[PDB]
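For reference, the structure is listed below as structure tokens.
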Amino acid sequence: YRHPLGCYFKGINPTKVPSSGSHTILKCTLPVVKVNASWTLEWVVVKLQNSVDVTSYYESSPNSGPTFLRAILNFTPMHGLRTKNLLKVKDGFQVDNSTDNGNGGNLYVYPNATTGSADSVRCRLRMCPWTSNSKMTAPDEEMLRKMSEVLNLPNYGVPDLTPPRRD
Amino acid sequence: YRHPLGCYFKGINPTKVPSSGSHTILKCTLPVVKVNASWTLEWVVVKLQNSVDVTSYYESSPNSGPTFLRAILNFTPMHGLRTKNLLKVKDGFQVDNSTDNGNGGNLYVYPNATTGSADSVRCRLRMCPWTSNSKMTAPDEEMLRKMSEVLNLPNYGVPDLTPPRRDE
Ligand SMILES: *[C@@H]1O[C@H](CO)[C@@H](O[C@@H]2O[C@H](CO)[C@@H](O[C@H]3O[C@H](CO)[C@@H](O)[C@H](O)[C@@H]3O)[C@H](O)[C@H]2NC(C)=O)[C@H](O)[C@H]1NC(C)=O
Ligand SMILES: *[C@@H]1O[C@H](CO)[C@@H](O[C@@H]2O[C@H](CO)[C@@H](O[C@H]3O[C@H](CO)[C@@H](O)[C@H](O)[C@@H]3O)[C@H](O)[C@H]2NC(C)=O)[C@H](O)[C@H]1NC(C)=O
Ligand SMILES: *[C@@H]1O[C@H](CO)[C@@H](O[C@@H]2O[C@H](CO)[C@@H](O)[C@H](O)[C@H]2NC(C)=O)[C@H](O)[C@H]1NC(C)=O
Ligand SMILES: *[C@@H]1O[C@H](CO)[C@@H](O[C@@H]2O[C@H](CO)[C@@H](O)[C@H](O)[C@H]2NC(C)=O)[C@H](O)[C@H]1NC(C)=O
Ligand SMILES: *[C@@H]1O[C@H](CO)[C@@H](O[C@@H]2O[C@H](CO)[C@@H](O)[C@H](O)[C@H]2NC(C)=O)[C@H](O)[C@H]1NC(C)=O
Ligand SMILES: *[C@@H]1O[C@H](CO)[C@@H](O)[C@H](O)[C@H]1NC(C)=O
């Protein structure tokens, strides 16, 4: 099946996509890496010290780079801790879930959101490679070669607790 | 009997323990955390880009903070150096295996060691909590509250690739 190899927690600065409406469309350009992996980028609004309710989920293959699939719910936010509630459409933040239109999973920052939370947004990419090999415990040398662009990104919120290995 | 929850790789600066002896005694003050955990601090000698052959092993309970048990061998060193190359008693480095009375597991830096080695020493604490609950995959909120002092320590040698959790 798809045996996980680990997760990379990197930070990407969003790029403004010129829009037709009054809203701000933000895109976090993902490196075109052709390896078996899952890409979950969390939209962190630094100014409000909170995150958006849903995260953009992408998937990569050995013959295709990260391609958008769906906008899954944010289960483990960077801040959270029940001190505050995640930012929703009501708060002026929405991720489009369209696969037909060229957008997705780009963040929509409507004028309804705090002035100016859009410029404060930062991505927390959770790149998690996998392999068909059950005997592989970490990414091999040629896989780390292909993932160079992701590996060279700055670390963002990488946890202190290293999970235990299968015993 | 004791299910692991993970490991914290933190750095601690050693404190010089006064002694009327020619040797230097270094202590890495561990936070008094009352949780079920194992504490393995590695004595890294930064100047020589090497570590000491043995590590001080401590154990904590919900009724007692980290208490020293024994000086176990360094299996996974920092600089990736092969075992046998690690700084031994011959090189002027020794960890006290004494349970009674005190001064264990404190590092002894004898005068025959390279000048400036003692001041260069840094600890690599490997704090690994463990629960009796088989259905617990990560430390709970009240456990992370108690481990605040360890969590606020600076990271030291923790890898960039986070291994996958108990899933597949
Ligand atoms: C990248 O991930 C792919 C899964 O998303 C994976 O492809 C799958 O590989 C398996 C074999 O590992 C194929 O299944 C074949 O294996 C059985 C025995 O278990 C044979 O009897 C059959 O030939 C069977 O088809 C899947 O067909 C395949 N799935 C698809 C369509 O992708 C890749 O192997 C992964 N690549 C790397 C390099 O990690
Ligand atoms: C902290 O770790 C302890 C283990 O190092 C653990 O204590 C052990 O808990 C089990 C039950 O979960 C006890 O039960 C066993 O022994 C009794 C007789 O004493 C039998 O009746 C039981 O059937 C079973 O075999 C152990 O006695 C106990 N061991 C000791 C002495 O510590 C704690 O539960 C852990 N605490 C937390 C909060 O994580
Ligand atoms: C984004 O769109 C997909 C549809 O492609 C949604 O996925 C559905 O999820 C529900 C359960 O939550 C299932 O009942 C459906 O079968 C799924 N559809 C399929 C076939 O993929 C997804 O929930 C949407 N995300 C958002 C923004 O809520
Ligand atoms: C702030 O603005 C957005 C739109 O600019 C609002 O979102 C819409 O909410 C209505 C509720 O009736 C829904 O029908 C739409 O699906 C939402 N629009 C889209 C496509 O995003 C949001 O409710 C506003 N928040 C405030 C302050 O009321
Ligand atoms: C450096 O000095 C220490 C003592 O100051 C030496 O350690 C002793 O080595 C002998 C080997 O026969 C043993 O009896 C003991 O394990 C050591 N004594 C203690 C308790 O420290 C060490 O051998 C010296 N290294 C050099 C350069 O010869
Ligand atoms: C320290 O003492 C313990 C006693 O349990 C012993 O098992 C161990 O071999 C000693 N450590 C070393 C390697 O000197």
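For the structure tokens, the naming scheme is as follows: chains receive sequential letters (A, B, ...) according to their order of presentation, residues are indexed from 1 within each chain, and ligands are indexed from 1 in presentation order.
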Exercise for review: Find the residues near ligand 2. Use a cut-off of 6 Å, count only C-alpha atoms and all ligand atoms, and write them as a ChimeraX atom specification.
Suggested key: /B:2,36,131-132
Written file, previous selection with N, CA, C and O atoms, as an mmCIF file, in the first residue's frame:
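Listed below is the output, selection-v1.cif:
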```cif
data_model
loop_
_atom_site.group_PDB
_atom_site.id
_atom_site.type_symbol
_atom_site.label_atom_id
_atom_site.label_comp_id
_atom_site.auth_asym_id
_atom_site.auth_seq_id
_atom_site.Cartn_x
_atom_site.Cartn_y
_atom_site.Cartn_z
ATOM 1 N N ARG B 2 4.565 -0.359 29.375
ATOM 2 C CA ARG B 2 4.924 1.064 29.264
ATOM 3 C C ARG B 2 5.016 1.455 27.770
ATOM 4 O O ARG B 2 6.001 1.154 27.090
ATOM 5 N N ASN B 36 5.720 10.220 33.874
ATOM 6 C CA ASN B 36 6.376 8.958 33.523
ATOM 7 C C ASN B 36 7.260 9.193 32.281
ATOM 8 O O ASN B 36 6.728 9.380 31.184
ATOM 9 N N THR B 131 3.341 6.304 28.615
ATOM 10 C CA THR B 131 2.069 6.108 29.317
ATOM 11 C C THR B 131 1.705 4.618 29.426
ATOM 12 O O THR B 131 2.099 3.817 28.575
ATOM 13 N N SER B 132 0.924 4.264 30.462
ATOM 14 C CA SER B 132 0.437 2.900 30.658
ATOM 15 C C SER B 132 -0.814 2.658 29.791
ATOM 16 O O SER B 132 -1.283 1.523 29.693
#
```
Exercise for review: Could the residues that lie within 9 Å of ligand 4, counting only C-alpha atoms and all ligand atoms, be listed as a PyMOL selection string?
Suggested key: chain A and resi 22-23+88-96+108-113
Which of stretch 17-164 of chain A fall in helix (DSSP H, G or I), as a compact mmCIF listing (two decimals) with N, CA, C and O atoms, in the first residue's frame:
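Below is the file states_38.txt, written as the result:
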```
# COMPACT_ATOMS: atom_id res chain seq x y z
N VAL A 46 -1.08 35.27 10.85
CA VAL A 46 -0.13 35.68 11.89
C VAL A 46 -0.67 36.85 12.75
O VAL A 46 -0.56 36.78 13.98
N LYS A 47 -1.25 37.89 12.12
CA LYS A 47 -1.80 39.09 12.78
C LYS A 47 -2.84 38.73 13.85
O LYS A 47 -2.78 39.28 14.95
N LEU A 48 -3.77 37.82 13.52
CA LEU A 48 -4.84 37.40 14.43
C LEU A 48 -4.42 36.18 15.27
O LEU A 48 -5.20 35.74 16.13
N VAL A 89 -15.70 31.43 6.75
CA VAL A 89 -16.22 32.31 5.69
C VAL A 89 -16.80 33.59 6.31
O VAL A 89 -16.63 34.67 5.75
N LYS A 90 -17.44 33.46 7.50
CA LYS A 90 -18.02 34.54 8.29
C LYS A 90 -16.94 35.57 8.67
O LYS A 90 -17.22 36.77 8.72
N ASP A 91 -15.71 35.09 8.91
CA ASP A 91 -14.54 35.89 9.28
C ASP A 91 -13.78 36.42 8.04
O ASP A 91 -12.76 37.09 8.20
N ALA A 118 -4.83 39.86 5.11
CA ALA A 118 -4.38 39.23 3.86
C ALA A 118 -2.85 39.26 3.71
O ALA A 118 -2.25 38.23 3.38
N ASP A 119 -2.22 40.42 3.98
CA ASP A 119 -0.77 40.62 3.89
C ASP A 119 -0.01 39.86 4.99
O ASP A 119 1.19 39.64 4.86
N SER A 120 -0.73 39.46 6.06
CA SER A 120 -0.19 38.76 7.22
C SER A 120 -0.20 37.23 7.06
O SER A 120 0.49 36.54 7.82
N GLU A 141 18.23 8.27 -1.11
CA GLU A 141 19.09 9.33 -1.63
C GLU A 141 18.55 9.99 -2.92
O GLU A 141 18.56 11.22 -2.99
N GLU A 142 18.06 9.19 -3.90
CA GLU A 142 17.53 9.76 -5.14
C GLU A 142 16.18 10.48 -4.91
O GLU A 142 15.84 11.37 -5.68
N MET A 143 15.42 10.09 -3.85
CA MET A 143 14.15 10.74 -3.52
C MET A 143 14.42 12.11 -2.89
O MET A 143 13.72 13.07 -3.22
N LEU A 144 15.43 12.20 -2.00
CA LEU A 144 15.84 13.44 -1.34
C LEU A 144 16.42 14.43 -2.35
O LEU A 144 16.36 15.64 -2.13
N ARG A 145 16.98 13.89 -3.45
CA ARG A 145 17.54 14.67 -4.57
C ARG A 145 16.41 15.39 -5.29
O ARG A 145 16.54 16.58 -5.56
N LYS A 146 15.29 14.69 -5.56
CA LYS A 146 14.11 15.22 -6.24
C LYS A 146 13.36 16.24 -5.37
O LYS A 146 12.83 17.21 -5.90
N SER A 148 14.67 18.32 -3.22
CA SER A 148 15.63 19.38 -2.88
C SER A 148 14.97 20.75 -2.62
O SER A 148 15.30 21.39 -1.62
N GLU A 149 14.03 21.18 -3.50
CA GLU A 149 13.31 22.46 -3.39
C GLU A 149 12.52 22.57 -2.09
O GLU A 149 12.50 23.65 -1.48
N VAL A 150 11.88 21.47 -1.66
CA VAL A 150 11.09 21.40 -0.43
C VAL A 150 12.03 21.41 0.78
O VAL A 150 11.78 22.12 1.75
N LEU A 151 13.11 20.62 0.70
CA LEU A 151 14.14 20.48 1.73
C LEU A 151 14.87 21.81 1.99
O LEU A 151 15.29 22.06 3.12
```
Exercise for review: Residues up to 8 Å from ligand 1, counting only C-alpha atoms and all ligand atoms: could you list those as a list in words?
Suggested key: residues 1, 2, 35, 36, 61, 62, 130, 131, 132 and 133 of chain A
What would the file look like if the residues just selected were written as a JSON list (two decimals), in the first residue's frame with N, CA and C atoms?
```json
[["chain", "number", "residue", "atom", "x", "y", "z"],
["A", 1, "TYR", "N", 0.85, -1.19, 0.00],
["A", 1, "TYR", "CA", 0.00, 0.00, 0.00],
["A", 1, "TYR", "C", 0.90, 1.27, 0.00],
["A", 2, "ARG", "N", 0.47, 2.38, 0.64],
["A", 2, "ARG", "CA", 1.26, 3.61, 0.71],
["A", 2, "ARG", "C", 1.84, 3.77, 2.13],
["A", 35, "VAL", "N", 7.43, 12.99, -7.02],
["A", 35, "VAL", "CA", 7.57, 11.86, -6.08],
["A", 35, "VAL", "C", 6.21, 11.58, -5.43],
["A", 36, "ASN", "N", 6.01, 10.35, -4.91],
["A", 36, "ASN", "CA", 4.78, 9.97, -4.21],
["A", 36, "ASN", "C", 4.70, 10.74, -2.89],
["A", 61, "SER", "N", 2.79, 12.50, -7.59],
["A", 61, "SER", "CA", 3.10, 11.16, -8.08],
["A", 61, "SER", "C", 4.48, 11.12, -8.77],
["A", 62, "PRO", "N", 5.09, 9.94, -9.08],
["A", 62, "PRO", "CA", 6.41, 9.95, -9.75],
["A", 62, "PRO", "C", 6.40, 10.57, -11.16],
["A", 130, "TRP", "N", 5.54, 9.16, 0.62],
["A", 130, "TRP", "CA", 5.18, 7.77, 0.85],
["A", 130, "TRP", "C", 5.88, 6.88, -0.19],
["A", 131, "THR", "N", 5.86, 5.56, 0.04],
["A", 131, "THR", "CA", 6.46, 4.57, -0.86],
["A", 131, "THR", "C", 5.65, 3.27, -0.85],
["A", 132, "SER", "N", 5.74, 2.50, -1.95],
["A", 132, "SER", "CA", 5.07, 1.21, -2.11],
["A", 132, "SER", "C", 5.85, 0.11, -1.37],
["A", 133, "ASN", "N", 7.11, 0.40, -1.00],
["A", 133, "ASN", "CA", 8.03, -0.49, -0.30],
["A", 133, "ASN", "C", 7.79, -0.44, 1.22]]
```
Hey, list the chain A side of the contact with chain B: 7 Å cut-off, only C-alpha atoms, answer as a short mmCIF file (atom, residue, chain, number, x, y, z; two decimals) with N, CA and C atoms, in the first residue's frame.
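Saved the output as out23.cif:
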```
data_model
loop_
_atom_site.label_atom_id
_atom_site.label_comp_id
_atom_site.auth_asym_id
_atom_site.auth_seq_id
_atom_site.Cartn_x
_atom_site.Cartn_y
_atom_site.Cartn_z
N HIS A 3 3.07 3.28 2.30
CA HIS A 3 3.79 3.31 3.57
C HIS A 3 4.39 4.70 3.78
N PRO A 4 3.99 5.43 4.85
CA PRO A 4 4.52 6.79 5.05
C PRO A 4 6.01 6.80 5.41
N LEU A 5 6.72 7.86 5.00
CA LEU A 5 8.16 8.01 5.23
C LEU A 5 8.49 9.13 6.22
N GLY A 6 7.53 10.02 6.45
CA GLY A 6 7.69 11.15 7.35
C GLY A 6 6.97 12.39 6.87
N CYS A 7 7.16 13.52 7.56
CA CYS A 7 6.53 14.78 7.18
C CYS A 7 7.50 15.95 7.33
N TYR A 8 7.46 16.86 6.35
CA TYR A 8 8.23 18.09 6.33
C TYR A 8 7.30 19.25 6.64
N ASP A 160 8.61 19.59 18.35
CA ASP A 160 9.69 19.21 19.26
C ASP A 160 9.64 17.71 19.54
N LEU A 161 8.42 17.13 19.62
CA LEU A 161 8.19 15.72 19.89
C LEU A 161 8.37 14.89 18.60
N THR A 162 9.41 14.06 18.60
CA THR A 162 9.74 13.13 17.53
C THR A 162 8.93 11.85 17.80
N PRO A 163 7.94 11.47 16.95
CA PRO A 163 7.12 10.28 17.24
C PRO A 163 7.94 8.98 17.36
N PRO A 164 7.49 7.99 18.17
CA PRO A 164 8.29 6.75 18.31
C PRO A 164 8.20 5.86 17.07
#
```
Go through chain B residue by residue and, counting only C-alpha atoms and all ligand atoms, keep those with an atom at most 10 Å from ligand 5; for each kept residue give the shortest atom pair and its distance in Å to one decimal, ordered by chain and increasing number, as a Markdown table.
```
| residue | atom | partner | partner_atom_place_in_ligand_line | distance |
| --- | --- | --- | --- | --- |
| B:22 | CA | ligand 5 | 5 (O) | 8.6 |
| B:23 | CA | ligand 5 | 5 (O) | 7.4 |
| B:88 | CA | ligand 5 | 22 (C) | 8.6 |
| B:89 | CA | ligand 5 | 22 (C) | 5.2 |
| B:90 | CA | ligand 5 | 25 (N) | 3.7 |
| B:91 | CA | ligand 5 | 25 (N) | 5.7 |
| B:92 | CA | ligand 5 | 1 (C) | 4.8 |
| B:93 | CA | ligand 5 | 1 (C) | 8.1 |
| B:94 | CA | ligand 5 | 21 (O) | 7.1 |
| B:95 | CA | ligand 5 | 21 (O) | 9.8 |
| B:96 | CA | ligand 5 | 20 (C) | 9.1 |
| B:108 | CA | ligand 5 | 21 (O) | 8.2 |
| B:109 | CA | ligand 5 | 5 (O) | 8.7 |
| B:110 | CA | ligand 5 | 5 (O) | 5.4 |
| B:111 | CA | ligand 5 | 2 (O) | 7.0 |
| B:112 | CA | ligand 5 | 1 (C) | 5.0 |
| B:113 | CA | ligand 5 | 1 (C) | 7.0 |
```
Exercise for review: Give the strand (DSSP E or B) residues of stretch 7-124 of chain B, as assigned by DSSP on the backbone, as a PyMOL selection string.
Suggested key: chain B and resi 7-12+15-17+24-27+37-45+50-52+54-61+64-73+87+93-95+107-109+121-124
Review point. If you count only C-alpha atoms and all ligand atoms, which residues end up within 8 Å of ligand 6, as a PyMOL selection string?
Key: chain B and resi 54+69-73+97-98
**Study point:** Selection as a ChimeraX atom specification: residues within 12 Å of ligand 3 by only C-alpha atoms and all ligand atoms
**Key:** /A:52-57,68-74,88-89,94-100,104-107
For those residues, write N, CA, C and O atoms to a file as an mmCIF file, in the first residue's frame.
```cif
data_model
loop_
_atom_site.group_PDB
_atom_site.id
_atom_site.type_symbol
_atom_site.label_atom_id
_atom_site.label_comp_id
_atom_site.auth_asym_id
_atom_site.auth_seq_id
_atom_site.Cartn_x
_atom_site.Cartn_y
_atom_site.Cartn_z
ATOM 1 N N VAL A 52 -7.091 29.310 9.211
ATOM 2 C CA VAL A 52 -8.339 29.127 8.461
ATOM 3 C C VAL A 52 -8.853 27.696 8.713
ATOM 4 O O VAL A 52 -8.052 26.756 8.768
ATOM 5 N N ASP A 53 -10.189 27.554 8.889
ATOM 6 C CA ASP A 53 -10.922 26.317 9.194
ATOM 7 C C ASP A 53 -10.538 25.121 8.301
ATOM 8 O O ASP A 53 -10.446 24.002 8.810
ATOM 9 N N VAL A 54 -10.320 25.351 6.991
ATOM 10 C CA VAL A 54 -9.944 24.296 6.043
ATOM 11 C C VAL A 54 -8.531 24.530 5.492
ATOM 12 O O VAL A 54 -8.072 25.670 5.411
ATOM 13 N N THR A 55 -7.856 23.434 5.116
ATOM 14 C CA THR A 55 -6.511 23.424 4.536
ATOM 15 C C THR A 55 -6.577 22.856 3.113
ATOM 16 O O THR A 55 -7.409 21.986 2.842
ATOM 17 N N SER A 56 -5.717 23.352 2.206
ATOM 18 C CA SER A 56 -5.684 22.887 0.820
ATOM 19 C C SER A 56 -4.855 21.610 0.722
ATOM 20 O O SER A 56 -3.677 21.613 1.091
ATOM 21 N N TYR A 57 -5.482 20.507 0.267
ATOM 22 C CA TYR A 57 -4.817 19.210 0.148
ATOM 23 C C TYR A 57 -4.454 18.914 -1.306
ATOM 24 O O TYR A 57 -5.318 18.901 -2.185
ATOM 25 N N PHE A 68 -3.926 19.747 -6.857
ATOM 26 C CA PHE A 68 -4.995 19.951 -5.878
ATOM 27 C C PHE A 68 -6.119 18.924 -6.028
ATOM 28 O O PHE A 68 -6.539 18.624 -7.147
ATOM 29 N N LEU A 69 -6.604 18.406 -4.886
ATOM 30 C CA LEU A 69 -7.680 17.422 -4.834
ATOM 31 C C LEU A 69 -8.925 17.983 -4.146
ATOM 32 O O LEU A 69 -9.994 18.026 -4.761
ATOM 33 N N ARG A 70 -8.791 18.385 -2.864
ATOM 34 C CA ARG A 70 -9.897 18.890 -2.046
ATOM 35 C C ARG A 70 -9.405 19.777 -0.888
ATOM 36 O O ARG A 70 -8.217 19.772 -0.555
ATOM 37 N N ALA A 71 -10.337 20.523 -0.275
ATOM 38 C CA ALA A 71 -10.075 21.374 0.878
ATOM 39 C C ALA A 71 -10.574 20.660 2.145
ATOM 40 O O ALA A 71 -11.769 20.699 2.466
ATOM 41 N N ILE A 72 -9.657 19.942 2.814
ATOM 42 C CA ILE A 72 -9.932 19.173 4.033
ATOM 43 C C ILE A 72 -9.854 20.085 5.265
ATOM 44 O O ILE A 72 -9.163 21.104 5.224
ATOM 45 N N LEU A 73 -10.562 19.713 6.351
ATOM 46 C CA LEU A 73 -10.610 20.474 7.603
ATOM 47 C C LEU A 73 -9.267 20.479 8.332
ATOM 48 O O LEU A 73 -8.548 19.477 8.314
ATOM 49 N N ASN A 74 -8.937 21.617 8.970
ATOM 50 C CA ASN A 74 -7.707 21.802 9.740
ATOM 51 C C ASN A 74 -7.875 21.126 11.100
ATOM 52 O O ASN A 74 -8.595 21.638 11.963
ATOM 53 N N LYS A 88 -13.390 31.215 9.666
ATOM 54 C CA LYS A 88 -14.321 30.674 8.669
ATOM 55 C C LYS A 88 -14.703 31.742 7.623
ATOM 56 O O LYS A 88 -14.093 32.814 7.592
ATOM 57 N N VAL A 89 -15.696 31.431 6.755
ATOM 58 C CA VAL A 89 -16.218 32.306 5.687
ATOM 59 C C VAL A 89 -16.798 33.590 6.313
ATOM 60 O O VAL A 89 -16.633 34.672 5.748
ATOM 61 N N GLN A 94 -11.919 31.899 2.987
ATOM 62 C CA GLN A 94 -12.475 30.719 2.320
ATOM 63 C C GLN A 94 -11.497 30.142 1.297
ATOM 64 O O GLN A 94 -10.872 30.890 0.553
ATOM 65 N N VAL A 95 -11.388 28.808 1.244
ATOM 66 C CA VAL A 95 -10.540 28.102 0.280
ATOM 67 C C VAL A 95 -11.465 27.530 -0.793
ATOM 68 O O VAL A 95 -12.411 26.819 -0.439
ATOM 69 N N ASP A 96 -11.233 27.853 -2.087
ATOM 70 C CA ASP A 96 -12.112 27.314 -3.127
ATOM 71 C C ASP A 96 -11.779 25.847 -3.374
ATOM 72 O O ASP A 96 -10.605 25.459 -3.406
ATOM 73 N N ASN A 97 -12.838 25.035 -3.483
ATOM 74 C CA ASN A 97 -12.780 23.588 -3.621
ATOM 75 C C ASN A 97 -13.064 23.126 -5.070
ATOM 76 O O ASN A 97 -13.451 21.974 -5.289
ATOM 77 N N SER A 98 -12.828 24.009 -6.058
ATOM 78 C CA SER A 98 -13.041 23.697 -7.472
ATOM 79 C C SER A 98 -11.779 23.107 -8.110
ATOM 80 O O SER A 98 -10.684 23.644 -7.935
ATOM 81 N N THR A 99 -11.945 21.992 -8.841
ATOM 82 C CA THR A 99 -10.870 21.274 -9.536
ATOM 83 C C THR A 99 -10.924 21.551 -11.048
ATOM 84 O O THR A 99 -9.932 21.332 -11.749
ATOM 85 N N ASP A 100 -12.084 22.029 -11.543
ATOM 86 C CA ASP A 100 -12.314 22.355 -12.952
ATOM 87 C C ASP A 100 -11.689 23.713 -13.276
ATOM 88 O O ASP A 100 -10.957 23.830 -14.259
ATOM 89 N N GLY A 104 -7.797 26.998 -6.750
ATOM 90 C CA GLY A 104 -7.931 25.861 -5.851
ATOM 91 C C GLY A 104 -6.622 25.115 -5.716
ATOM 92 O O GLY A 104 -6.054 24.678 -6.719
ATOM 93 N N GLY A 105 -6.121 24.983 -4.490
ATOM 94 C CA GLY A 105 -6.766 25.495 -3.288
ATOM 95 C C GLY A 105 -6.186 26.814 -2.843
ATOM 96 O O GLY A 105 -5.359 26.854 -1.929
ATOM 97 N N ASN A 106 -6.606 27.899 -3.507
ATOM 98 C CA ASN A 106 -6.157 29.251 -3.205
ATOM 99 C C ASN A 106 -7.105 29.898 -2.203
ATOM 100 O O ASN A 106 -8.319 29.687 -2.264
ATOM 101 N N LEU A 107 -6.537 30.658 -1.258
ATOM 102 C CA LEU A 107 -7.289 31.320 -0.201
ATOM 103 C C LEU A 107 -7.906 32.630 -0.678
ATOM 104 O O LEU A 107 -7.217 33.468 -1.267
#
```
Exercise for review: Would you work out the distance separating atom CA of residue B:14 from atom CA of residue B:27, expressed in Å to one decimal?
Suggested key: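 Rounded to one decimal, the two atoms are 5.2 Å apart.
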Check your understanding: What lies within 12 Å of residue B:46 using only C-alpha atoms, ignoring chain neighbours under 5 positions off, as an MDAnalysis selection string?
Key -> chainID B and resid 13 51:52 78:79 87 116:124
